[PDB]
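Engineer: I need the structure of the sequence given here:
(chains A, B, C, D, E, F, G and H, ligands or ions: 30)
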Amino acid sequence: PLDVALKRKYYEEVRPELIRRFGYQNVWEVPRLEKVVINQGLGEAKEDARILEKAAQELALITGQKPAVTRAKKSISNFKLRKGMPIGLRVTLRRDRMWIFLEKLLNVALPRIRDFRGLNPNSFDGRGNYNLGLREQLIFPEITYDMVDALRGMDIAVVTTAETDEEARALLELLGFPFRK
Amino acid sequence: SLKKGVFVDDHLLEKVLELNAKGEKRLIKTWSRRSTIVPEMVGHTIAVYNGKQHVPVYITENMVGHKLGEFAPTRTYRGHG
Amino acid sequence: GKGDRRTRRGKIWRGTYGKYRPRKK
Amino acid sequence: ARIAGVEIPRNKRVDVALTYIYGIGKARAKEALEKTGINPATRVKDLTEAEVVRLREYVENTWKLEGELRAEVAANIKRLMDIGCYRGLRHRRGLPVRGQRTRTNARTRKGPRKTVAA
Amino acid sequence: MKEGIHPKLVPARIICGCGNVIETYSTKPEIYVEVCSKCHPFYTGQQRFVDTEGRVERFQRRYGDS
RNA sequence: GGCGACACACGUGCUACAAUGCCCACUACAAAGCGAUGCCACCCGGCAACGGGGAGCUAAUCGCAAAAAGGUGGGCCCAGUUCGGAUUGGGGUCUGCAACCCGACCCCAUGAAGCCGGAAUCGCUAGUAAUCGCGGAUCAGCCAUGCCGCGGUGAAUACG
RNA sequence: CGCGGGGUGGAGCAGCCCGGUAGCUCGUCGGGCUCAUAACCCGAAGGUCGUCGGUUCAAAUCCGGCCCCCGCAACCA
RNA sequence: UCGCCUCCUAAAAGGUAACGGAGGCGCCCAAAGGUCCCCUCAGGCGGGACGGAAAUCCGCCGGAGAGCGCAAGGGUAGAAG
Ligand SMILES: [Mg+2]
Ligand SMILES: [Mg+2]
Ligand SMILES: [Mg+2]
Ligand SMILES: [Mg+2]
Ligand SMILES: [Mg+2]
Ligand SMILES: [Mg+2]
Ligand SMILES: [Mg+2]
Ligand SMILES: [Mg+2]
Ligand SMILES: [Mg+2]
Ligand SMILES: [Mg+2]
Ligand SMILES: [Mg+2]
Ligand SMILES: [Mg+2]
Ligand SMILES: [Mg+2]
Ligand SMILES: [Mg+2]
Ligand SMILES: [Mg+2]
Ligand SMILES: [Mg+2]
Ligand SMILES: [Mg+2]
Ligand SMILES: [Mg+2]
Ligand SMILES: [Mg+2]
Ligand SMILES: [Mg+2]
Ligand SMILES: [Mg+2]
Ligand SMILES: [Mg+2]
Ligand SMILES: [Mg+2]
Ligand SMILES: [Mg+2]
Ligand SMILES: [Mg+2]
Ligand SMILES: [Mg+2]
Ligand SMILES: [Mg+2]
Ligand SMILES: [Mg+2]
Ligand SMILES: [Mg+2]
Ligand SMILES: [Mg+2]
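Structural biologist: Numbering: from 1, shown residues only, chains lettered A, B, ... in the order given. Ligands and ions are numbered 1, 2, ... in the order given. Okay, here it is:
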């Protein structure tokens, strides 16, 4: 679907606010938002390669994409880890499917997080992308809670064309990202 | 606890109410650890007694409902080894 | 059991009275 | 279904299944049951999403609970320590706060025993 | 997207302490969300319900009347 | 102020680990002792501790008093749980010149170890052992689970 | 100098060979039995593997240097 | 100690001794082979639940210091990885 409420909210009322604030000679110079990369690192399923495809089934359900699997770069002794094995799932979502996911994340998921006095605002990476991570997977609407065998969280990479943190913050703020200020 | 109550020994309650309207305030040593503290105690430095000597205790506003002896410990420990 | 002061058994054992063993007859 | 925080109770009884929340039990349970006017002998398994929303919305709103409660008891203790007070030292050193006796069994608050020689 | 191997992702409706989020466009249409914060209970749309800090406040208050 | 200390070690005990059990309601049956510087019916306020009031008793003459287990009914459905209530947070009550060190009690929250205990080891031969409650001395109050007593129910087993 | 073996809880000895895991007796500590000690029983603690380097994902283990130990040898002159 | 490979000695062709200085081989791989197509390292800094010097993820910087089954050399990402 090409409609998707947040996409809109970005175009009508997020873009202009940004042009009003920083002020921009070019339509392109104003920050767009590409690539939410979701990544589950799991040493948890290492010797068990079965547990994994459940986690990928879970990730599919909330993303609408099947993740691909990442495999161990080098071999490390101290926690098991032959250089062969699967460490975790990683899904790239952009372009619509991205949007429909961030919407759900803003209006349902984070709200459901126990505590949550808001998203940490130091996680901006200095060139203006943002990262965060979640402890449990059941904070999502598509997860039924009786389909959790074991908790696994993840890492989320919000990538943005904004050259700086400040602008990147502004973009995401205006989209409705709740921040701990 | 008490309530119809809030007991404070008149010894220091004197010299404290005194150190409010004098305009000057300094170091005051009481044996009264049974008393309660504040509001006009705050900012003052009182030396409470543990049975052995008088220990200076700086008075701030979350020390409020507490007796003075709470900030002047009677025993000496530092563990066994 | 006799040590739960929040019950009839506790209160009796401790000899006391309250919401969990109110005095009536 | 789930009340404050996540805390899903289930099956069992309802007025019992309410204990399983941090901050609530016995009394506070039997209370919110007639102040939302719900049968306590009913089982959380089955009941109207109606009596479910009345129930969540009451509890979550009346008193503070798992997240903010824990953090509030947390903060009290922090205050007791670092103010320098005597209840504070016994939190600092992991020892019993209210009278009692440490020459012998404090175990609950001292840990397992750590034996030494004679 | 490679055809096979995939959740449908069809338009939905969805629920909360609030009304519906028409947005949806998710797998598995008709979902029920326990509560959100936005929809403005519980933090955003700051309610500050149940509110804390009372414990420095209290010790000074019932205190000096007695 | 300390005798109340706490890395630890021992003795005597209380409470348990549950369904011959826990909870709530209703409903029975004791004895011995204490009390007009005290015991306090009954009414009211309070969820309650308790606080107002306030009659009777120098006491087989009024009070402590409810005995508890039991009985009946209902609930819990084998779960670290309606088991178990240690710890801790907050809120109060009473005594007392005063409850920080060091009080007892009520309420809200918190709910720990514990699923019958290694080697070892104690008591008990009948109205006993188990188990259930009650009074008193000391005493302002109380760390009593102690002690000295009172009755309720009430086994097993001794070839030798 | 030369060739061969060794260095691991307090003591004595395995494990090294064949990379991943450090065990055995005794001592030590806490309980028990005894009037008491020993014997005896029930529990526990304790080693970074001489050392410095290297190899590997990983070194007590494989490799090199150095330091001690024990043994053998040092003949025709 | 004795055959074989790498480096130095070796005096800028080749070659060149010593009981000169240092290391390796006596295998291995049905994919670690042929071809076509694609992809590009290590490291550092910043961000990210369990994740720690390091598992996985995201950003920038990083002409090769990585990789090329094993020693060393030469070579090599305009690929041999
Ligand atoms: Mg930053
Ligand atoms: Mg950017
Ligand atoms: Mg109980
Ligand atoms: Mg004594
Ligand atoms: Mg003490
Ligand atoms: Mg006892
Ligand atoms: Mg356990
Ligand atoms: Mg005290
Ligand atoms: Mg059981
Ligand atoms: Mg026993
Ligand atoms: Mg007494
Ligand atoms: Mg008694
Ligand atoms: Mg011994
Ligand atoms: Mg002996
Ligand atoms: Mg060596
Ligand atoms: Mg190494
Ligand atoms: Mg000869
Ligand atoms: Mg000769
Ligand atoms: Mg000569
Ligand atoms: Mg060269
Ligand atoms: Mg040459
Ligand atoms: Mg030449
Ligand atoms: Mg030449
Ligand atoms: Mg050789
Ligand atoms: Mg890198
Ligand atoms: Mg980093
Ligand atoms: Mg190279
Ligand atoms: Mg080479
Ligand atoms: Mg090489
Ligand atoms: Mg080379």
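
Engineer: which positions in chain D make contact with chain A?
Structural biologist: D:5-6, D:8, D:66-67, D:71 (CB under 8 Å from any CB of the partner chain). Yep, even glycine has a C-beta here, placed from its N, CA and C like the rest.

Engineer: please name the nearest non-neighbouring residue to residue A:80.
Structural biologist: Nearest residue to residue A:80, sequence neighbours excluded (CB to CB, 6 or more residues apart in numbering or on different chains): residue A:46, at 5.5 Å.

Engineer: so what's that neighbour up against?
Structural biologist: A:80-81, A:85-87 (CB atoms under 8 Å, 6 or more residues apart in numbering or on different chains).

Engineer: quick check: the farthest pair among the residues of chain D next to chain A?
Structural biologist: D:8 and D:71 (21.4 Å; CB to CB).

Engineer: show me where chain E has strands.
Structural biologist: E:14-15, E:31-32 (DSSP state E).

Engineer: need the contact partners of the first one.
Structural biologist: Meaning strand E:14-15. A:108, A:141, E:20-21, E:23-24, E:26, E:30-33.

Engineer: if we go to 7 Å?
Structural biologist: A:141, E:20-21, E:24, E:31-33 (CB atoms under 7 Å, 6 or more residues apart in numbering or on different chains).

Engineer: now do the helices in the chain.
Structural biologist: Went with chain A since none was named. Using DSSP state H, the helices of chain A run over A:5-9, A:15-21, A:50-63, A:97-104, A:165-174.

Engineer: switch to chain E, please.
Structural biologist: For chain E, the helices defined by DSSP H cover E:54-57.

Engineer: which bits of it sit near chain D?
Structural biologist: For chain E, the residues in contact with chain D (CB under 7 Å from any CB of the partner chain) are E:34, E:49-50, E:52, E:55.

Engineer: tally of neighbours for residue D:90?
Structural biologist: 17 (other CB atoms under 10 Å in any protein chain shown).

Engineer: residues contacting it?
Structural biologist: Residue D:90 touches D:96-97, counting by CB under 7 Å, 6+ apart.

Engineer: can you confirm whether the helix or strand containing it lies near RNA strand F?
Structural biologist: Secondary structure assigned from DSSP states H and E places residue D:90 in helix D:86-92. Yes - under the criterion of CB under 7 Å from any atom of the strand, helix D:86-92 makes contact with RNA strand F via D:86-87, D:90-91.

Engineer: so the residue nearest to residue B:15 when sequence neighbours are not counted versus ligand 1, what's the distance?
Structural biologist: Spatial nearest neighbour of residue B:15, excluding adjacent residues (CB to CB, 6+ apart): residue B:28 at 5.6 Å. Per CB to the ion, to the nearest Å, residue B:28 is found 50 Å from ligand 1.

Engineer: residue A:96 too?
Structural biologist: 29 Å.

Engineer: show me where chain B has strands.
Structural biologist: Per DSSP E, chain B carries strands over the ranges B:28-29, B:45-49, B:54-58.

Engineer: is the first one positioned near RNA strand F?
Structural biologist: Spelled out, that is strand B:28-29. No - against RNA strand F, strand B:28-29 shows no contacts by CB under 7 Å from any atom of the strand, the least distance being 14.6 Å.

Engineer: could I get the residues of chain E next to chain D as JSON lines with neighbour count and distance to RNA strand H?
Structural biologist: Below are the residues of chain E next to chain D laid out as JSON lines (neighbours: other CB atoms under 10 Å in any protein chain shown; distance: CB to the nearest atom of the strand, whole Å):
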{"residue": "E:34", "neighbour count": "21", "distance to RNA strand H": "21"}
{"residue": "E:49", "neighbour count": "13", "distance to RNA strand H": "27"}
{"residue": "E:50", "neighbour count": "15", "distance to RNA strand H": "27"}
{"residue": "E:52", "neighbour count": "13", "distance to RNA strand H": "24"}
{"residue": "E:55", "neighbour count": "13", "distance to RNA strand H": "29"}
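
Engineer: closest one of these to ligand 1?
Structural biologist: residue E:52 (28.9 Å; CB to the ion).

Engineer: before we move on, back to that, from the strands of chain B, which stretch is densest packed?
Structural biologist: Ranked by average neighbour count under the criterion mean count of other CB atoms under 10 Å in any protein chain shown, the strands of chain B are headed by strand B:45-49 at a mean of 19.

Engineer: does it reach chain D?
Structural biologist: No - judged by CB under 7 Å from any CB, strand B:45-49 makes no contact with chain D; its nearest approach is 11.6 Å.

Engineer: helices and strands around that strand, which ones?
Structural biologist: strand B:28-29, strand B:54-58 (3 or more CB pairs under 7 Å, 6 or more residues apart in numbering or on different chains; DSSP states H and E).

Engineer: packing partners for the longest one?
Structural biologist: Taking 3+ CB pairs under 7 Å, 6+ apart as the contact definition, the neighbouring helices and strands of strand B:54-58 are strand B:45-49.
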